[PDB]
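Below, all heavy atoms of this structure are taken into account, side chains as well, without hydrogens, waters or symmetry copies. Read the numbers this way: they start at 1 and go in the same order the structure lists the ligands and their atoms. If you read the sequence from its start, that first residue is 1, and numbering goes on from there.
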Amino acid sequence: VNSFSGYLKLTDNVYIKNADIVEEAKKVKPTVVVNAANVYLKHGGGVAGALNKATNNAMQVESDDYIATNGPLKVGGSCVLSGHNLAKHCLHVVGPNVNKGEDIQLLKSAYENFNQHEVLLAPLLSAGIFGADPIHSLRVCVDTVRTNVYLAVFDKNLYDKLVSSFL
Ligand SMILES: Cc1ccc(O)c(C(=O)O)c1
């Protein structure tokens with residue numbers, strides 16, 4: 001049993017809810033929250049900007065030190081950093097950004113990072129301002145992630161479309 005409430009079960013391991021991932025993290029304090037990161041861990045907008053704002057910029061301060069030591073992530077890659085006030089850990093995952101011309105085939109590699117964690121609270125990778133089709137992102141999630149993933153979809157209209165269209 002876990003603390004996640006009000007999710008619709010899509011598969012054996014994938015759950016979905018219309019929720020603000022920031023508000024959801026604050027309530028649940030999950031072991032792992034996933035950030036929709038970029039390779040520079042520059043948390044300006046979308047999920048990264050909202051998560052980072054909720055940490056009072058501590059996520060950005062930690063991230064800048066990580067990049068100064070390690071250099072940029074790979075598209076499709078990840079790193080584990082603090083979850084600050086939102087979670088034990090934040091798994092920063094880089095999905096391909098279609099609005100920068102990145103190979104959408106890298107979305108499966110991105111979701112494979114989730115399999116290193118038994119339970120996660122996550123957004124749909126490469127959705128929102130990363131420009132991918134969220135229906136596609138949910139299909140790759142279901143077909144790639146084998147651990148237990150709780151998906152927070154920000155947009156109510158999109159949430160209803162994802163559920164209604166799910167195969
Ligand atoms: C907080 C937040 C901001 C932008 C977004 O696109 C999402 C999401 O896709 O789930 C969430």
Side-chain angles (χ1 to χ4, degrees), residues 4-11 13-26 28-60 62-63 73 75-76 78 81-87 89-102 104 106-111 113-114 117 119-145 147-166:
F4 290 105
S5 180
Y7 285 72
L8 170 73
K9 180 175 185 54
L10 293 173
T11 71
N13 66 297
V14 178
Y15 296 80
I16 194 163
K17 184 187 181 173
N18 176 218
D20 178 358
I21 195 173
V22 175
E23 287 315 309
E24 192 72 6
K26 276 197 289 188
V28 177
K29 288 291 238 80
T31 305
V32 180
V33 66
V34 174
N35 181 34
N38 58 54
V39 295
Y40 305 107
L41 303 178
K42 284 174 57 90
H43 309 302
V47 166
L51 290 173
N52 176 62
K53 180 180 176 186
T55 77
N56 181 44
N57 211 52
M59 179 180 283
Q60 190 63 68
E62 179 195 31
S63 292
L73 299 177
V75 178
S78 68
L81 291 173
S82 182
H84 299 279
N85 55 318
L86 305 177
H89 303 289
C90 179
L91 180 72
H92 294 273
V93 179
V94 185
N97 190 326
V98 174
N99 304 318
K100 304 178 176 174
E102 299 171 348
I104 193 60
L106 287 171
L107 186 55
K108 188 171 182 76
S109 301
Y111 274 115
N113 298 288
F114 286 26
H117 303 278
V119 185
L120 314 89
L121 171 62
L124 286 165
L125 299 181
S126 296
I129 69 179
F130 281 63
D133 172 6
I135 295 175
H136 176 67
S137 181
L138 180 55
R139 179 31 62 190
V140 177
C141 180
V142 157
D143 296 345
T144 304
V145 179
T147 56
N148 297 320
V149 57
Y150 290 81
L151 295 169
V153 184
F154 190 78
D155 190 75
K156 175 52 200 192
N157 179 290
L158 175 59
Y159 170 82
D160 286 348
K161 181 170 138 119
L162 286 167
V163 170
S164 289
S165 58
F166 183 69

Does some non-hydrogen atom of [X] fall short of 4.0 Å from ligand 1?
| X | value |
| --- | --- |
| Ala127 | no |
| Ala152 | yes |
| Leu124 | no |

I need the single residue from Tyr7, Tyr150, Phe166 that forms a ring pair (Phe, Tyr, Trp, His ring centres under 6.0 Å) with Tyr15. Which is it?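 Looking at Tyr7, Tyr150, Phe166, the match for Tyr15 under the ring pair (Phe, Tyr, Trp, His ring centres under 6.0 Å) is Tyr150.
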With rounding to the nearest 0.5 Å, note down the distance linking CG in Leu124 to CG in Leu107.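 With rounding to 0.5 Å, CG (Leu124) is 9.0 Å from CG (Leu107).
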Could you tell me which non-hydrogen atom of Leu106 sits nearest to which non-hydrogen atom of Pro96, and how far apart they are?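 So the two residues come closest at C-CD, 3.9 Å.
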Which heavy-atom pair separates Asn97 from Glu102 by the least distance, and what is that distance?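 Closest approach of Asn97 to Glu102, heavy atoms only: N-OE1, 2.8 Å.
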Starting from atom 5 (C) of ligand 1, which protein heavy atom do you reach first, and at what distance in Å?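 Nearest neighbour among protein heavy atoms for atom 5 (C) of ligand 1, to 0.1 Å: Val47 CG2, 4.1 Å.
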Near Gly128, which atoms of ligand 1 are under 4.0 Å from a heavy atom of that residue?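 Taking each heavy atom of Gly128 in turn, ligand 1 has 6 (O) under 4.0 Å.
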Are more than 12 heavy atoms, taken from residues, nucleotides or ligands other than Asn56, located less than 6.0 Å from that residue's CG atom?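 For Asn56, atom CG is not crowded (no more than 12 foreign heavy atoms under 6.0 Å).
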Which option wins on minimum heavy-atom distance to atom 8 (C) of ligand 1: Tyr159, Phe154, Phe130?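 Going through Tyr159, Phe154, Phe130 one by one, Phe154 has the nearest heavy atom to atom 8 (C) of ligand 1.
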